[PDB]
Amino acid sequence: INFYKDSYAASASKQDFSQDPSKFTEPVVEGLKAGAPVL
Amino acid sequence: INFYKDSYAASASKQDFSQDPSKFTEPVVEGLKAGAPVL
Amino acid sequence: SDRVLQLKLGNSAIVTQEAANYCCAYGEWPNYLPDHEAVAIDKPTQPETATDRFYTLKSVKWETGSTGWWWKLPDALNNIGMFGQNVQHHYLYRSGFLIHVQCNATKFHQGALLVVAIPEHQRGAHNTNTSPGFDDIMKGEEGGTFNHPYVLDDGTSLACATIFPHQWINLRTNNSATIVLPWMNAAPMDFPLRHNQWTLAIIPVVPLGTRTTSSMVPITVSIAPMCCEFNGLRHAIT
Amino acid sequence: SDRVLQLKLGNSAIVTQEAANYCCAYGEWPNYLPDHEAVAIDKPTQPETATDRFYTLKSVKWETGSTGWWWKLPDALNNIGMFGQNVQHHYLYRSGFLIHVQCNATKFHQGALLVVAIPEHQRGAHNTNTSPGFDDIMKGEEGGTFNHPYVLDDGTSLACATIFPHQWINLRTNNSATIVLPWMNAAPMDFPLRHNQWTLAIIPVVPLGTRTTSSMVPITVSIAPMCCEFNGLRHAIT
Amino acid sequence: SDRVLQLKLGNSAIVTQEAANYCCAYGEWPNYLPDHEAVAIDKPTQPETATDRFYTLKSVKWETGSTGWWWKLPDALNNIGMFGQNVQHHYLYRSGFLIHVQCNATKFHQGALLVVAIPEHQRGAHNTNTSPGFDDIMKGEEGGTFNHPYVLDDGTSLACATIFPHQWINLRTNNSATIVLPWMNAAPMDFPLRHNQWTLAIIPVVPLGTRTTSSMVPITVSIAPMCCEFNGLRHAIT
Amino acid sequence: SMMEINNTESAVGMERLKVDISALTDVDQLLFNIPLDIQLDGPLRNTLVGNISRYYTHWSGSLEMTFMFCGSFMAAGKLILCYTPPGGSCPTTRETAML
Amino acid sequence: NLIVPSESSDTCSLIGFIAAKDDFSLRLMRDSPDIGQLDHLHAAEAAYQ
Amino acid sequence: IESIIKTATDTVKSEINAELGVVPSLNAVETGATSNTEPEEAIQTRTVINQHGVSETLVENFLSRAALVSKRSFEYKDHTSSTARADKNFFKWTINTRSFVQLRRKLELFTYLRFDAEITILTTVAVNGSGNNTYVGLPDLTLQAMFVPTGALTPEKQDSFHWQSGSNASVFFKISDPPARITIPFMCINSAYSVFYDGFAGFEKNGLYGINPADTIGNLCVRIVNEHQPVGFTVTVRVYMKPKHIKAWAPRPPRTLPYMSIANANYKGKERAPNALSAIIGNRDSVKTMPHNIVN
Ligand SMILES: Cc1cc(-c2noc(C(F)(F)F)n2)ccc1OCCCc1cc(C(=O)N(C)C)no1
């Protein structure tokens, strides 16, 4: 229920379930493969 | 009337009329028949 | 057709010729934990015949002043056979039970035993504010006896104990009771050394009586775990 | 590609970065007993991850005058974990083994260990007509040492021991040896407390040597039973 | 395939034979400011090879009691080559960075350096309510040293610094670390003389150690600005 | 993120973030153990997982521990890392921990 | 065992790291016990001056 | 790779592995990548269908909570003989999110934040007992909260003509009403607030360090509209802020040592562990000591 004219008055938005953990867990140019030695 | 975002905020649910009294009145492997002696 | 019964599990078998029927607690049968209900991610061990078999506990004597007996599960079986070893070597266990209670006398004898499996039989103490201690609850294979069976040692009523899965051993009618217990817990698995899902209670509502020459009248309990699985392998703890 | 290896069984895993290959005894892999070869008619128990896992024995020290070490199977594992419990509670057992021997040193160290699995390593006694006694043969987890590795403590030759499934740990080349043993017996199953199918022998054909500052150089054995099954359940005997 | 790497920018090139990989901060690559994100309306100057090239700073010595080093960007490069001249003659700048940290020793040496690029590394002062002054923050090409690397000189934790783009130089493994930094700012462009977007921190989590004859072990930093652009041309200010 | 395994009075600053291991003259020796309680003040508390989790009350799922050996290239050795599900005392011998 | 030559350091260090896998989840937000204050921070009063 | 995640990942059952050249449990921390070892590769697993939700750890949920940001008490009375430092029936507050540690620490888990702010103002009153330790009841007063942006003049007295608020947004609310509430939009001159700012705010060298001038908000001015009564009261105003429509970037190591100032990240640490400058974690006797070992 938002009858205000300015969009930023709306209630919270808790529906953004997009994730990309690789930005922090695997920020390497060469992606690593499962099982194969990294080095 | 439920304008809350979390489903558990809703009012009570009093529409579950399903019953199975045999779970407590007749929990025997061999069902008993009407009139016929049990033993 | 309903008085003779044979139960075969693993390398053990039991035959009775004076059964009434047998009870499946809440109309359910034991089963293994399904994938859509599992929590522990390690591969469980399922010993099958090694643990899913009848274990016979020590018999007890039915006397005139007997108040009744109880055994807590899985506590009573936690040190018996391969079931005990698996329990001791694993953090988590899960299983149903098949309970067979045996008591025979003569046609000149009378008496009635209520055989009831109480889920989560949390015991209370009499005339004190102190909660029951560890030694009061965990009796193991020997089990315990009811202090006040009239109130089920918990401030409730014996008369209403029939709401629980139960049979009767009425001496003039039958000489055995059989109850099949599914896994009964709020969690899919549990630590077997600190929580007991089921309590087996045998209470002589009608005392043993006769006018023929008296003989020892024992009551014998045989319990077979069913669909046992164990998770979280480590060193033995017991 | 052939120097790095990871072995995962049950809840145990082993990684080596200095392997050569691994040996499958006689080009075979362990398996369960098939119906067309079974003898015992009772349903076997197959604990799977509870017993099919790596057990690490006590390490031994590689010294200058070391003659070698041996462990007999399943004797060495007969009192360890759930494998030991199942062995103690059953008359018959059957299983393969996965053996991983570990020994590392520096690039300034030299030495060569022959790691050989001897089927039916019947030991002989030196300079006597009396056969070896029970205490001479059954050493359990601690194992034994070779009196005369030159003749394999049995009047044969060490030089011809390569006819048996084996690897070498040559310190300049590799730091681990892996051997996979199938069930090796004249009978489909056996009594684990009186017969040993395999003997693991580690013999320092080339002694440990270095001119750098000396350190303790242990040898460690990890053995994982594979495809374990047990028949003839009874009370524990050990 | 992942241990050898060559980086070529402008008239400069770097080769390493002991790399692990290289890190692209938050999985991003530097780029020029797009039209749909620009603010300044004057035509920017894009020197390309004149500024997008490797600049090598003064080496630092890795000692036993070293606490660590840091350099703030673009402050460290603000007086070097054509990058410095463009920074001095323009009110606004924008660029990424390519960071290559070099440290080699012998196979008898040990030590581990954490190489982390901290966005907006606002420093705190120890045991005082006074904020750090201009001279404490703006060190230029010489950089600074950590007073308390354990808390990153800001009351946070070094243990959690891995949340930032980082590599390690573990002497037994690799002798170089490479990090590619995109433009990291709340605004599309910034005044290079008053704000530092990135801080490069090199912290010896594991101290340098050896028992061989000791030698000077320097750490060398080479930084190449990428996709440099400048707006608001005027007289030199520096 | 790094665990503070060496949380002992003798360790100062980042010394608490590494565990020293030396050559031993006895076999199968214990080197260190790690309490697994995030709520209590232990080696896991000041980590990304620990810090974020302590804003919550319930947790589930697997954890992973990674150890980097920072000895010289010439150093060699083999270690066994064991996780013991709860129920008993922390194992003090290898033959028990390896179960 | 740890075995090193005479020229290498006889003491070597390990660094232990921990993280959750993508099967991890949390519930029931609460105030973290890792931070607290018993008084106003310095310069907080100056905001009202 | 970006994906939609609503529940924790499922587990797939796994079998024995003995494969040359494959070592999933080995990793190279030096690359900066977190270990990719899966449970199915380290141990033998079962199949598990995981139904555990992950919504409560959403950044929006994590940060969108009303938290105290300002608490000011002032005397409501005749201020004819009051000192110059006394709040004479009104106060002004330079808005900041650094005064109360619970919200500050959570905000400082990120480098950049973009959000709108829901502002809730809660007012309580108490009769002054100093000398006049008699209770007559609590008056239902009217208060005015005026938002004074950068460059605007702030009121200097309770009856200042600046309170006419020709263009300033003002909210008039009563103590008996539910707490006043308004939403302030994301008003930064940049695309996001700079939670941390490694720079100086001015073109000279004497500017403040660690505060981005782009994030300057302004002043909140609160007065009692009612003229003073014959007796004195103490009025306490609490301001709560709840971020919403949140975007966050570049997470950071959490604050460990206690905060010292709202103007900087200066640190001292506790006298002894835990959270001491030289020992963040509490000590144990040795690395082989289990602090809470279970015995029997
Ligand atoms: C608390 C408050 C109160 C009012 C107000 N009270 O009354 C009125 C009136 F007059 F209309 F009635 N307006 C206005 C704005 C307020 O704060 C804005 C929060 C924004 C922000 C920036 C940062 C930051 O710098 N970060 C995250 C690095 N944090 O939060």
Side-chain angles (χ1 to χ4, degrees), chain B residues 23-25 27, chain C residues 23 25-26 28 57-80 87 93-97 99 101 103 111-169 177 179-208 219-221 223 225 238, chain F residues 87, chain H residues 294 296:
Chain B
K23 277 197 288 214
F24 317 105
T25 63
Chain C
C23 165
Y26 308 117
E28 308 245 3
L57 313 176
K58 191 182 155 73
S59 295
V60 303
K61 307 177 176 178
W62 188 355
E63 320 266 23
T64 39
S66 283
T67 68
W69 310 260
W70 51 269
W71 294 261
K72 276 164 185 328
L73 295 163
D75 175 34
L77 300 180
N78 275 350
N79 189 33
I80 300 189
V87 153
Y93 101 102
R94 171 188 211 275
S95 99
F97 298 99
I99 305 196
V101 175
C103 179
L113 302 165
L114 173 69
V115 182
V116 56
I118 303 152
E120 307 276 11
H121 185 229
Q122 180 187 320
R123 313 184 30 93
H126 170 236
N127 196 35
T128 182
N129 290 314
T130 312
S131 302
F134 194 88
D135 286 344
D136 295 301
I137 304 296
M138 309 295 309
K139 304 270 202 234
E141 199 260 32
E142 148 169 75
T145 57
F146 279 95
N147 308 125
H148 303 98
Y150 186 48
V151 296
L152 288 184
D153 286 354
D154 64 4
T156 62
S157 76
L158 162 71
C160 295
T162 52
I163 193 51
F164 291 136
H166 74 282
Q167 290 215 311
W168 296 80
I169 291 182
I179 306 167
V180 179
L181 298 177
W183 174 250
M184 189 57 171
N185 206 33
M189 293 189 87
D190 219 318
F191 180 47
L193 304 187
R194 285 296 180 274
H195 185 216
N196 288 299
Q197 281 79 30
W198 288 104
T199 301
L200 166 72
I202 298 148
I203 290 152
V205 184
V206 174
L208 181 69
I219 296 141
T220 304
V221 175
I223 303 168
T238 214
Chain H
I294 291 176
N296 301 318

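Convention: sequence-line order gives letters A, B, ...; per-chain numbering from 1.
Between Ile169(C) and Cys103(C), the closest heavy-atom pair is CG2-O, 4.1 Å. Closest approach of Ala76(C) to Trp71(C), counting heavy atoms only: CB-CB, 4.3 Å. Minimum interatomic distance between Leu152(C) and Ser157(C) (heavy atoms only, all atoms of both residues): CD1-O, 3.7 Å. Summarising the geometry of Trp69(C) relative to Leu113(C), their closest heavy-atom pair is CZ3-CD2, 4.4 Å, with the distance given to 0.1 Å. Closest approach of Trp62(C) and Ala112(C) over heavy atoms only: CH2-N, 3.8 Å. Residues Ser95(C) and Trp183(C) come closest through the heavy atom pair O-CE3, 3.3 Å.
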Which donor-acceptor pairs under 3.5 Å do the side chains of residues 160-168 of chain C make with protein atoms, sequence neighbours left out?
| from | atom 1 | to | atom 2 | distance (Å) |
| --- | --- | --- | --- | --- |
| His166(C) | ND1 | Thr162(C) | O | 3.3 |
| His166(C) | ND1 | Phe164(C) | O | 2.9 |
| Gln167(C) | OE1 | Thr178(C) | N | 3.1 |
| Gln167(C) | NE2 | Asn21(C) | O | 3.4 |

Distance-only donor-acceptor hits, side chain of residues 185-207 of chain C, under 3.5 Å, sequence neighbours excluded:
| from | atom 1 | to | atom 2 | distance (Å) |
| --- | --- | --- | --- | --- |
| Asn185(C) | ND2 | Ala187(C) | O | 3.2 |
| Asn185(C) | ND2 | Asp190(C) | OD2 | 2.8 |
| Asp190(C) | OD2 | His195(C) | ND1 | 2.8 |
| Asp190(C) | OD2 | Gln197(C) | NE2 | 3.2 |
| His195(C) | ND1 | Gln197(C) | NE2 | 3.2 |
| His195(C) | NE2 | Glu120(C) | OE1 | 2.6 |
| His195(C) | NE2 | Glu120(C) | OE2 | 3.2 |
| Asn196(C) | OD1 | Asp75(C) | N | 3.0 |
| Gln197(C) | OE1 | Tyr93(C) | OH | 2.7 |
| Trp198(C) | NE1 | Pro182(C) | O | 3.1 |
| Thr199(C) | OG1 | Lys72(C) | NZ | 3.1 |

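Taking the six-membered ring for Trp and thresholds of 30 and 60 degrees, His121(C) and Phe146(C) have ring planes inclined between 30 and 60 degrees apart.
Atoms CG and CD1, on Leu73(C) and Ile223(C) in that order, are 4.5 Å from each other to the nearest 0.5 Å. Here CG of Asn79(C) is found 5.0 Å from OG1 of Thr238(C). Values are rounded to the nearest 0.5 Å. The distance from atom NZ of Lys58(C) to atom OG1 of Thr220(C), rounded to the nearest 0.5 Å, is 10.5 Å. How far CG of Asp153(C) is from NE2 of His148(C): 7.5 Å, rounded to the nearest 0.5 Å.
Contact of the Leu77(C) side chain with the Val87(C) side chain is not registered, since no non-hydrogen atoms from C-beta on lie closer than 4.5 Å.
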Task: Stepwise side chain to side chain contact (heavy atoms under 4.5 Å, CB included) check, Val101(C) with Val221(C) - done: CA-CA 5 Å; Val101(C) 175; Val221(C) 175; 4.3 Å; yes
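Note on residues 131-142 of chain C: no pairs pass side chain to side chain donor-acceptor pair (under 3.5 Å), not counting sequence neighbours.
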